[PDB]
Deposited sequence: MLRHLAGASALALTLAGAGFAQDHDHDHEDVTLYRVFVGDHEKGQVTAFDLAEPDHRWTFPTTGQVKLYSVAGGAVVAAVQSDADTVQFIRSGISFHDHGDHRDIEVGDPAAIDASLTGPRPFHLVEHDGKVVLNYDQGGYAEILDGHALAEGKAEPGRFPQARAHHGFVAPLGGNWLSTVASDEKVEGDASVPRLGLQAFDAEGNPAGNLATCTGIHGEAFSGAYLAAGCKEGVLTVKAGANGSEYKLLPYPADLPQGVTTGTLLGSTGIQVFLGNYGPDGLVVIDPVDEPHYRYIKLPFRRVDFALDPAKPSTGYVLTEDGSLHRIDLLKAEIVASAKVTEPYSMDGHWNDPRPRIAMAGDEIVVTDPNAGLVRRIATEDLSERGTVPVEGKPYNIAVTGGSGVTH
């Protein structure tokens, strides 16, 4: 097996890649600005969205799945536009929201994997901080209000390729955050969590309103979907999580955090578990079956969640039986064992390592 870690800097436009098992096998790729990294097209491509720099660039991992392995390589075709931000990949498509452009860009995943980045433009009625998700042959876009001044958002709506409605608007006030699991897309709302099921008889919309038992005045705005069981992990305020079952009641099981959340991830190698890093520097194992934190260990120094959302703070990603955690002030990436959260080693990375993504896995060569 081969995991290749891709680490961004907090300030410089730079992506560092290294083989997890031999960090001396390393590469550097230049970018226009600060990167937020996404493993896409099955891990054959890393997308480096640079919101502040109106740019999106791509890097070949280049691990393709049998597994074929070569050195990573930049894709020179890039993308430019006004504040690309949220990236959604589903049904073989990568979709990029341009927050200050009022449109999204649709890329074919296979085409990216062969080094081509020629997008089709999806029009939106108004520019805003949104996303566009492929589902059931439609493009499900967030929809802003026409009310003037940060743009208020009304909900989610299915559209065709030309940006004409393919279904009615589903109310989801302030819609934010999205994930897929099983047959379901989920998105965070002021009223609860909106689910859409790609079903045999078409798309099924159902809002799951927040139960009265949940803390008041706070919402789910960030979602992860398990790849193994049909369940979502969402935040619920800065100091809580909800395990969300989209099918049966009760839809929500709340988990109280003792410090505020810095980042989290679900373990694709152990689909009934995830990890959450909190501002005291502790990484916690989440048992999705029990809906509780079941183990913790301090892995970084504290990083207060007070201040600005994009300040330098640790980011996490999964790589096999390890969690990789960037530590910007320490200039390094820490490797934590999923088995018992022991520290297996560190990897020096120059500068302030910030965002992170992982590609690869286990395969056959013959």
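- Residues of the deposited sequence lacking C-alpha coordinates, counted from 1, fall in the stretches 1-31, 97-103, 188-191.
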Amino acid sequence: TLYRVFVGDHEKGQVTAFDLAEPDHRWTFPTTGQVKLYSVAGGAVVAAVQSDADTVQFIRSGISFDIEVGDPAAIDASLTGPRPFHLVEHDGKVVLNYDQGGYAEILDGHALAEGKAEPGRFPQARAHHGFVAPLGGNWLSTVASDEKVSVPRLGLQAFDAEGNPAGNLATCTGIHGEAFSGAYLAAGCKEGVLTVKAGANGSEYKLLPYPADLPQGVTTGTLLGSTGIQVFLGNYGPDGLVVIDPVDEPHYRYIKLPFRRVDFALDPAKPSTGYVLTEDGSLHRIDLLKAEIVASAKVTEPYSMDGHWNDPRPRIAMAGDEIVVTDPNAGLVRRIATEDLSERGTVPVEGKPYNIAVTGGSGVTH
From here on, numbers count along this sequence of modelled residues.
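- Legend: mean Cα B-factor per stretch from the PDB entry, 123-131 versus 189-197; the higher mean is in 123-131.
- Look at the mean CA B-factor for 82-90 and for 217-225 in the entry; the higher one is 82-90.
- As recorded in the entry, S64 carries the highest CA temperature factor of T338, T300, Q57, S64.
- Sorting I75, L156, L266, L283 by the CA temperature factor given in the entry leaves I75 at the top.
- Sort the chain's modelled residues by C-alpha temperature factor and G43 lands in the middle third, per the entry.
- When the modelled residues of the chain are ordered by their C-alpha B factor, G33 lands in the highest third.
- Ranked against the other modelled residues of its chain, the C-alpha B-factor of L332 as given in the entry falls in the highest third.
- The PDB entry assigns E68 a C-alpha temperature factor belonging to the highest third of its chain's modelled residues.
- In the PDB entry, a CA B factor belonging to the lowest third of its chain's modelled residues is recorded for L257.
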